[PDB]
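Presented below, as structure tokens, is a lone chain in the form solved without ligand AG2.
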């Protein structure tokens, strides 16, 4: 916990930055099709999210192992589900970076419109991806410092509106569009949840990165809960404020409602600032998620549950080869941005890989109960209550997702089972083996 370890502040900002990412600037537009009643959804979401964060906070307290969810799963269920957890989470991590870099450079197209030409966009995206791979190769202190700065920058317009927009906030504007979904109350709330439940992916960030965090038993829980709280407060305040500052129709039509509304309100410099800050958030988030990919792959390979090259490190302990591999894969999938059709072809892959993350969450909740029951004391009813909420959080997220995406997630589980069996027979140790031949 000295030289190559990351301090509390950069880790906390990595959690909140990984969570807020691209999404925070786009949330009001997505929620505007439902209306102000979305506040109820937020209320439901945050209680769930906090629950999940607490689950991680306690689990990482009990076991600050590198790789987080993976390790926990491995502890309570064994090598097969550890293997599965890592495959799913690793894939989610680097596949999710494509959309993020596309959105991020997209924000930068405010200054340089050539970035909307799909070819230049693709080249630029590949270059930026490799920039953050290289920053990750320099080391975790470097990447978390870069993301810390990026996250503060991204927080500038969010906190700005979330504090000072209230002078322009009109309750009549907010309530004029309380429910424009056409649905009853539960339906409207559900259509809200279909957006907001996915807003807290990244809660697991500090847990997974526990191996490079200074004093992780103390700092990982703090960073987890703190990052989630920062995200929640920003989410609510900013979306509510904007819903009270801008008429619902305009909010619905806008593709960048902080930026379009900023550019119109305080001038073009405002739009430039919001665009720059949004781009900063996205690009820093790239660094964070790449770090997480490297870490999970490294822990799994360290246990012989992922190819050994993912555990090959330099003198600093950085998984350089694994990061380069992730770079190559991301580069290959990034080619989808060369055309609208190519982009939409890739879209269902992204949507599926986002669902991948929920299995690590589920196993983390289960791991908390199965591994840590002897640490609960007479606060056991509370733990059960919180973890159950966290369980519900995950399940509901899937319940509201598109059927096709979940179908292909299921297929992915099956393929992973087949892969484990075909690659690890003779190596795998059985809980209840057959007698000797």
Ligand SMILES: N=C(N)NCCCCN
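Numbering follows the first chain given and starts at 1.
One more form of this protein should be noted, the form solved in complex with ligand AG2, which is absent from this view; the next part is about it.
- The site is open: after superposition of the local C-alphas, no atom of ligand AG2, taken in the deposited complex, comes within 2.4 Å of this form's backbone or C-beta atoms.
- Between the options 208, 242, 93, 300, the residue in contact with ligand AG2 in the deposited complex by a heavy atom within 4.5 angstroms is 93.
- Proximity to ligand AG2 in the deposited complex, taken as a non-hydrogen atom within 4.5 angstroms, holds for one residue of 258, 72, 83, 289, which is 289.
- Proximity to ligand AG2 in the deposited complex, taken as heavy atoms within 4.5 Å, picks out 194-202 from the listed stretches 244-252, 194-202, 74-82, 267-275.
- For the chain shown alone, residue 362 is not a contact residue for ligand AG2 in the deposited complex, no non-hydrogen atom being within 4.5 angstroms.
- When contacts are judged by a 4.5 Å heavy atom cut-off, residue 100 counts as touching ligand AG2 in the deposited complex.
- Using a 4.5 Å cut-off on any heavy atom, none of the residues of 372-396 reaches ligand AG2 in the deposited complex.
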